[PDB]
Ligand code: SF4
Ligand code: SF4
Ligand code: SF4
Ligand code: FCO
Ligand SMILES: [Cl-]
Ligand SMILES: [Fe+2]
Ligand code: NI
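Following this line, the structure appears as structure tokens:
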């Protein structure tokens, strides 16, 4: 039962919250029997240097075998000071230093959410912190640990749980090393698992007929027409929201308003302005 | 004699916080709170289409994004001259109100409850302090555990409620300048009400009673954590279209006196914050955000907001104290049965017990009950089919300020538009009011001050330091942005 450490960098906690929304039949089992969530600042029992030291003792026992989940980007400016995640006996630990410590020893890293995966909002124009994507930071520092990107702002909980399930099956069938190798096969060029990010929103949109007819809504509350003129970025977005929708299937972005391309590597700047084409 | 204890990270809160306290003779005698992560939303926003703000700002915090959405669209409404249709005002209230339920339930059970309830022998509920001061009987502890588990379902249903008209959650698509993007249908209103009924039952039958009942085993926790005993409310949830009546009305309480809220008296100080010295003492309309992570003497990325010089707190206690509504029926009854207290309205708890560690948990539970009544009213008031949005043009030059109350306390967004783009955007948020460092004159922040006097009879198990902090429901993502 491998340990998981969930490290928050420049995150908003929305990637944690979205996971709390999962109705996946496997979620409880993943947390209670398959893996062990040994560190997560938002929900764990202990605190402070004791929590840090707990993570360290577990990491040592499970060297090469534990998994890291990263939520948020990694800021490199000012010697890492824009994100301190803990302190051990007077010694501050930046996100930079945490990834340098734990990264080399993890079996694999899940970069959850667009911030961790691609930089996202903290890395957007006007930012000053050197917000860096997980894979880029690790590579820049000579750390070759496998990284899987599960983007979205936030991701749908099904994308996080479903990626874990994919890994689970692969590792059961081929072992740790062989399994991770199989997971690599189904990642697109942006490190995203094709089962969830392999299809374009627009190509599968229920309003595509209206798009083709040139029938555009001029107000958000007109649900008949295509949302393209209102700024919908479905045409440039790779996600399966049209199908699984959101929050127990009660709605999704295109039905309610517009798609803002939240799973894409250029989010937000390349998808902005949000409210015009 | 004195012992300094550093706690980084403070867990079971949102975001990155370090607490440092000095303990002497079994009590905290000094405190410093450090927000250790910065993103800089106020500079990231510059140069953008102002309409983008209502999406960008939500990423300040995925626990309370509807609050930022709300503050942002209210600022945009003013700057754009947009008149939100009656039905859109109500729809906004339904979207946002549902997340108050989510956030308070998340806070008490999934963040705070382990302060009082022992979890099972599995991560992440172990390991923890060997002497955690967990006092509940076998039966009561079990009730806490069962309710934590049930609350996982209930908070998820609350997000289904938010998403019905909000699009998804975290990070709604459904609030924009000019109103709400989706007109409620009869069918989806039935769906919202069905979920709401399940949440109400949990709040009334489990949540409110458990906070009083656990509180009755920790009466000592009503005697500490008073701090300045000073509170701020800026108003929230408009009940009409003339900006007059709100569910929570604005006001300030300090030194035992009630007074009106005047936003011109807000200043943000930065002497002890990692920002350029020349930016100290600015009102938000003139706000500037210039990071200085190496500045000597500073210890936080949170600025230090002061109201007419005063260090104030915000949140459910602040709102419930300022507005002084009638207590919940179950609260009144448990106050009588367990505490020997006859109480009708919230202030009948007394200032000392209300402004306390356990008092703030009680306030949050009472407010959750209070919100149920508001949502019930909006479900009767909403009209299926009536338009909820207008489509205003982007102005070339404008300004606007949106005031609301996030689940954690007072929130405002100020936007200045020039050349049809964001020239300045300043955010003064809830946990900023609570979890800030000293101001330039050496006056502590609200939580820093509330830590003074907190008992630490065992330095090896200093559990009350973070218990006090958690009572405030801190969100350091919001506090720093
Ligand atoms: S990806 Fe979005 S939801 Fe997740 S941490 Fe970043 S800002 Fe928050
Ligand atoms: S532009 Fe958006 S609303 Fe229109 S067909 Fe494409 S994905 Fe659908
Ligand atoms: S519809 Fe677009 S904006 Fe919404 S979750 Fe899917 S990819 Fe993100
Ligand atoms: N609630 C909430 Fe978030 C904080 N603090 C805001 O505003
Ligand atoms: Cl909120
Ligand atoms: Fe600010
Ligand atoms: Ni928040």
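Protein chains in written order, with the deposited numbering: chain A, 7 to 283; chain B, 15 to 495.
By construction, the Cβ of each residue, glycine as well, lies at the ideal position given by its N, Cα and C atoms.
Hey, is residue i's beta-carbon within less than 8 Å of any beta-carbon in chain A?
i              : result
residue 247(B) : no
residue 262(B) : no
residue 139(B) : yes
residue 174(B) : yes
residue 389(B) : no
residue 21(B)  : yes
residue 482(B) : no
residue 24(B)  : yes
residue 59(B)  : yes
residue 128(B) : yes
residue 124(B) : yes
Are the C-beta of residue i and some C-beta of chain B separated by less than 8 Å?
i              : result
residue 211(A) : no
residue 165(A) : no
residue 26(A)  : yes
residue 87(A)  : yes
residue 53(A)  : yes
residue 30(A)  : no
residue 266(A) : yes
residue 136(A) : no
Taking 8 Å as the threshold (C-beta atoms), are residue j and residue i in contact?
i              : j              : result
residue 470(B) : residue 53(A)  : no
residue 203(A) : residue 176(A) : no
residue 72(A)  : residue 112(A) : yes
residue 180(B) : residue 188(B) : yes
residue 206(B) : residue 299(B) : no
residue 81(B)  : residue 332(B) : no
residue 99(A)  : residue 58(A)  : yes
residue 180(A) : residue 27(A)  : no
residue 154(A) : residue 75(A)  : no
residue 101(B) : residue 401(B) : yes
residue 246(B) : residue 424(B) : yes
residue 227(A) : residue 197(B) : yes
Would you say the beta carbon of residue i comes nearer than 7 Å to a heavy atom of ligand 1?
i              : result
residue 18(A)  : yes
residue 184(B) : yes
residue 77(A)  : yes
residue 198(A) : no
residue 119(A) : yes
residue 126(A) : yes
Let me check you understand the geometry: is the CB of residue i closer than 7 Å to at least one non-hydrogen atom of ligand 3?
i              : result
residue 266(A) : yes
residue 243(A) : yes
residue 211(A) : no
Can residue i be considered in contact with ligand 6, in the sense that its beta carbon sits closer than 7 Å to one or more heavy atoms?
i              : result
residue 328(B) : no
residue 30(A)  : no
Is residue i near ligand 5, going by C-beta to nearest heavy atom under 7 Å?
i             : result
residue 81(B) : yes
Give a single yes or no on whether residue i has its beta carbon closer than 7 Å to a heavy atom of ligand 4.
i              : result
residue 423(B) : yes
residue 78(B)  : yes
Does ligand 2 have a heavy atom nearer than 7 Å to the CB of residue i?
i              : result
residue 205(A) : no
residue 240(A) : yes
residue 259(A) : no
Please indicate yes or no: does the CB of residue i lie closer than 7 Å to some heavy atom of ligand 7?
i             : result
residue 12(B) : The first residue shown for chain B is 15 and the last is 495, placing residue 12(B) beyond what the model contains.
Interface residues of the segment 32 to 51 of chain A facing chain B [CB-CB below 8 Å]:
38, 42, 43, 44, 45, 46, 47, 48, 49, 50 and 51
Anything in the segment 26 to 44 of chain B with a Cβ closer than 8 Å to a Cβ of chain A? List those residues in chain order, please.
26, 27, 28, 29, 30 and 32
Any chance you could list the beta strand (DSSP E) runs of at least 3 consecutive residues sitting entirely within the segment 311 to 364 of chain B, in chain order?
318 to 321
Pull out every residue of the segment 204 to 235 of chain A whose Cβ sits closer than 9 Å to any Cβ of chain B, in chain order.
224, 225, 226, 227 and 229
Residues of the segment 184 to 204 of chain B whose Cβ lies closer than 7 Å to any Cβ of chain A, in chain order:
184, 185, 187, 188, 190, 195, 196 and 197
At a Cβ cut of 7 Å, what residues of the segment 45 to 56 of chain B count as close to chain A, listed as they run along the chain?
50, 51, 52, 53 and 54
Whole alpha helix (DSSP H) elements within the segment 421 to 475 of chain B, 4-residue minimum:
444 to 448 and 460 to 464
I'd like the ranges of any beta strand (DSSP E) spanning at least 3 consecutive residues and lying wholly in the segment 19 to 70 of chain B.
31 to 38 and 41 to 49
Give the list of continuous beta strand (DSSP E) stretches no shorter than 3 residues that lie fully inside the segment 79 to 114 of chain A.
90 to 94 and 97 to 100
Which whole runs of the beta strand (DSSP E) in the segment 70 to 129 of chain B are 3 residues long or more, in chain order?
none
Name, going along the chain, the residues of the segment 65 to 91 of chain A whose beta-carbon falls closer than 7 Å to a beta-carbon of chain B.
84, 87, 88, 89, 90 and 91
Contact list for the segment 445 to 466 of chain B against chain A, Cβ threshold 9 Å
none
Against chain A: residues of the segment 397 to 408 of chain B by CB proximity under 7 Å:
401, 402, 403 and 405
Using a beta-carbon distance cut-off of less than 8 Å, what residues from the segment 232 to 261 of chain A approach chain B?
252, 253, 254, 256, 257, 258, 259 and 261
When Cβ atoms are compared, which residues of the segment 307 to 335 of chain B fall closer than 9 Å to chain A?
307, 308 and 315
Quick one, which residues of the segment 151 to 164 of chain A are near chain B if we go by CB-CB under 8 Å, in chain order?
159 and 160
Inside the segment 235 to 273 of chain B only - alpha helix (DSSP H) runs reaching at least 4 residues:
none
What ranges does the beta strand (DSSP E) occupy inside the segment 28 to 71 of chain A, keeping only unbroken runs of at least 3 residues that lie completely in it?
42 to 45
What residue ranges within the segment 161 to 222 of chain A form continuous alpha helix (DSSP H) runs of no fewer than 4 residues, ordered along the chain?
163 to 191, 200 to 203 and 214 to 219
Alpha helix (DSSP H) runs wholly inside the segment 356 to 408 of chain B, at least 4 long, in chain order:
365 to 368 and 371 to 395
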